[PDB]
Amino acid sequence: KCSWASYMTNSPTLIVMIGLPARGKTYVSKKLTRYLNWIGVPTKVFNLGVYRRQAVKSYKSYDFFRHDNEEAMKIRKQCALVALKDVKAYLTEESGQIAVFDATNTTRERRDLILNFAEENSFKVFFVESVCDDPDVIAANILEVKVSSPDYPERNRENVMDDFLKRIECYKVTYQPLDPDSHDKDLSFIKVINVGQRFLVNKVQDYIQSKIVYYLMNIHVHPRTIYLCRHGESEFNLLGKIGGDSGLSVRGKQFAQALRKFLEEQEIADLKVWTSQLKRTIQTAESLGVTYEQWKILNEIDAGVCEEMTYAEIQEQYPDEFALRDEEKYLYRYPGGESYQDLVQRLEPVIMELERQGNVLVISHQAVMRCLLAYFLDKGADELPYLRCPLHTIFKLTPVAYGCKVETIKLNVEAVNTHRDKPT
Ligand SMILES: Nc1ncnc2c1ncn2[C@@H]1O[C@H](COP(=O)(O)OP(=O)(O)O)[C@@H](O)[C@H]1O
Ligand SMILES: O=P(O)(O)OC[C@H]1O[C@](O)(CO)[C@@H](O)[C@@H]1O
């Protein structure tokens with residue numbers, strides 16, 4: 001029942017973040033967790049800032065982060081111990097597989113505490129250290145996420161900036177970066193340097209660490225927009241037939257023309273356009289006046305022996321299978337075809353190239369687009385096969401703060417509904 005990636009995960013793993021404040025640790029933690037869950041590895045983030053704010057519930061100044069503030073250090077360490085006990089419960093009672101421990105973890109002593117904890121429980125440990133000393137990057141990071149964060153009340157960014165830079169200075173006093181030449185030569189880790197310009201990778205142990213490294217080395221923080229839509233309405237859509245390779249209806253062609261105008265009105269810089277190899281997506285892109293790329297792996301879910309049938313026909317001919325699919329829509333594999341779980345695996349190179357690229361429009365299909373949207377919007381396997389992705393609607397995805405905003409844009413061309421709810 002588990003995904004391929006989860007099949008390749010054995011002992012539970014602790015991903016341990018390291019770095020000074022405002023180095024993207026929370027951003028990376030959340031994003032890596034979203035990716036790992038989407039590929040089928042149960043993962044949870046443990047944000048030590050959340051624990052500490054819950055414990056302290058006050059607007060502390062940089063004074064709280066001094067290494068010689070004994071009472072603050074005691075509280076901060078207690079928060080780490082509590083979070084680690086929660087990590088242990090997640091990975092041993094709740095069937096978690098990866099815990100992402102999002103804290104500064106800037107001293108050898110604190111990292112030894114985590115390593116000893118992991119050894120007590122036979123967890124593997126992989127560190128992700130973010131290193132950046134460009135003051136323009138740090139200032140931008142502070143303005144982007146720290147000025148309007150729960151650590152601070154309403155007050156001008158100037159004063160918040162001042163306090164947060166002093167906080168950073170407190171951590172610099174005791175910061176011991178990972179050192180692969182001596183102290184840390186046997187630890188497994190990646191240093192992400194200068195916002196992904198440079199990386200140092202040491203002692204990758206296993207499959208999941210290799211995948212984590214590849215992912216982290218191919219993401220970026222440059223602003224851009226991802227657009228997702230389906231092909232224009234197809235002949236088979238009008239007949240309720242699944243799969244196939246039918247062409248656009250005249251109304252799907254009208255949508256394609258409306259999509260051309262939408263793009264001609266947006267003037268999105270350097271927009272890449274990707275389609276599948278199925279005629280209905282190709283014909284949609286042909287109307288746009290742009291060059292585009294056809295990806296075989298964007299083809300719609302394979303319904304196997306059920307290709308080109310209506311749901312009514314499938315239920316009549318295969319009643320037990322049809323009922324099984326309604327009970328387990330994510331995991332059910334069509335005979336001779338695919339499950340949504342298979343489709344997620346097939347789409348992983350799409351996700352990776354979307355991460356590498358800038359502005360992209362993907363013209364695909366109902367099931368494919370559910371999978372892609374679930375990745376960007378952090379939707380689990382229960383929800384993924386039921387996300388609503390109407391024909392003739394564009395989903396505009398904007399990376400925003402720690403996640404992704406979604407706006408739906410319905411173009412003014414009607415279409416049949418192809419969304420089948422789970423019965424009763
Ligand atoms: N490798 C990185 N290095 C530096 N900044 C990054 C990196 N990755 C993401 N960011 C930036 O970090 C900001 C978010 O910071 P945050 O995750 O809250 O920092 P931290 O948890 O280290 O205090 C965002 O502006 C994001 O663009
Ligand atoms: O998983 P569901 O809800 O049957 O949706 C997938 C189906 O949707 C369609 O894109 C449109 O009917 C079919 O080609 C495909 O088999």
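So basically every Cβ, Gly included, is an ideal-geometry build from the backbone, and we count neighbours across all protein chains shown. Each answer follows from the model by the rule given with it, or from the source it names; no laboratory instrument gave them.
Does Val28 fit the bill of being surrounded by fewer than 17 Cβ atoms within 10 Å (Cβ to Cβ) and within 16 Å of ligand 1 (Cβ to nearest atom)? In short, no.
Going by the conditions given, is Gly232 part of a loop (DSSP other than H, G, I, E, B) and surrounded by 22 or more Cβ atoms within 10 Å (Cβ to Cβ)?
On the way: part of a loop (DSSP other than H, G, I, E, B): yes; surrounded by 22 or more Cβ atoms within 10 Å (Cβ to Cβ): yes.
Judged against the criteria, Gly232 is a match.
If you go through region 58-87 and keep only what is within 16 Å of ligand 1 (Cβ to nearest atom) and aliphatic (A, V, I, L, M), you end up with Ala80, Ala83. Evaluated against (1) in contact with a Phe, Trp or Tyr (Cβ under 9 Å, 6 or more places away or on another chain); (2) not assigned by CATH to the domain that holds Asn116, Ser6 falls short on exactly one condition, (1). Just so you know, in region 88-118 the residues that are closer than 10 Å to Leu14 by Cβ and not in a helix (DSSP H, G or I) include one that is farthest from ligand 1 (Cβ to nearest atom), and it is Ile98. I want to confirm something. Restricting to region 132-164 and keeping residues that are among the hydrophobic types (A, V, I, L, M, F, W, C) and crowded, with 18+ Cβ neighbours inside 10 Å, which single residue is farthest from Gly19 (Cα to Cα)? Ranking the qualifying residues of region 132-164, first place goes to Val160. Selection of first residues in region 253-268 that are in contact (Cβ under 8 Å) with a residue 60 or more places away in the chain and of second residues that are part of a helix (DSSP H, G or I), restricted to Cβ pairs under 8 Å at least 6 apart or on distinct chains, gives the following pairs, ordered by first then second residue: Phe255/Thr284; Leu259/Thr284. You will find that of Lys31, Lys44, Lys25, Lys1, the residue that is out of contact with any strand residue (DSSP E or B) (no Cβ under 8 Å at 6 or more places or on another chain), away from ligand 2 (no atom under 16 Å from the Cβ) and assigned by CATH to the domain that holds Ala140 is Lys31 and no other. Summed over region 116-132, residues that are closer than 22 Å to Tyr171 by Cα and either among the β-branched types (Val, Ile, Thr) or free of Cβ contacts under 8 Å to residues at least 24 places away in the same chain (or both) total 2.
Would it be correct to say that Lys203 is within 16 Å of ligand 1 (Cβ to nearest atom) and surrounded by fewer than 17 Cβ atoms within 10 Å (Cβ to Cβ)?
Numbers: within 16 Å of ligand 1 (Cβ to nearest atom): no; surrounded by fewer than 17 Cβ atoms within 10 Å (Cβ to Cβ): yes.
So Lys203 does not fit the description; no.
Does region 328-342 contain at least one residue that is away from ligand 1 (no atom under 16 Å from the Cβ) and more than 28 Å from the chain's Cα centre (by Cα)? Within region 328-342 (the criterion being away from ligand 1 (no atom under 16 Å from the Cβ) and more than 28 Å from the chain's Cα centre (by Cα)), the answer is yes, since at least one residue qualifies.
If you filter region 1-32 down to residues that are part of a loop (DSSP other than H, G, I, E, B) and hydroxyl-bearing (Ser, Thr, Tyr), you find that the one that is farthest from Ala374 (Cα to Cα) is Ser11. Among the residues of region 351-370, the ones that are surrounded by 20 or more Cβ atoms within 10 Å (Cβ to Cβ) and either within 17 Å of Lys405 (Cα to Cα) or away from ligand 2 (no atom under 14 Å from the Cβ) (or both) come to 6 in all. Scan region 67-86 for residues that are basic (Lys, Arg), over 20 Å from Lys44 (Cα atoms) and within 34 Å of the chain's Cα centre (by Cα) and the total you get is 2. Only residues that are under 14 Å from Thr26 (Cβ atoms) and either in the same structural domain as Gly403 (by CATH) or of a type in the set (D, E, K, R) (or both) were counted across region 139-164, and they come to 3.
In region 371-414, of all residues being within 16 Å of ligand 2 (Cβ to nearest atom) and in a helix (DSSP H, G or I), the one that is farthest from the chain's Cα centre (by Cα) corresponds to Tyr386.
Close contacts from region 343-361, counting a first residue that is within 19 Å of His231 (Cα to Cα) and a second that is among the aromatic types (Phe, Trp, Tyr) and not in a helix (DSSP H, G or I), with Cβ to Cβ under 7 Å and a gap of 6+ residues or different chains, come to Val350/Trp295; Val360/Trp274; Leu361/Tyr227.
Screening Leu36 on (1) away from ligand 1 (no atom under 16 Å from the Cβ); (2) in a loop (DSSP other than H, G, I, E, B); (3) surrounded by 20 or more Cβ atoms within 10 Å (Cβ to Cβ); (4) of a type in the set (A, V, I, L, M, F, W, C) shows it passes everything except condition (2).
Looking at region 207-219 only, could you name the residues that are part of a loop (DSSP other than H, G, I, E, B) and crowded, with 16+ Cβ neighbours inside 10 Å? Answer for region 207-219, where residues must be part of a loop (DSSP other than H, G, I, E, B) and crowded, with 16+ Cβ neighbours inside 10 Å: just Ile219.
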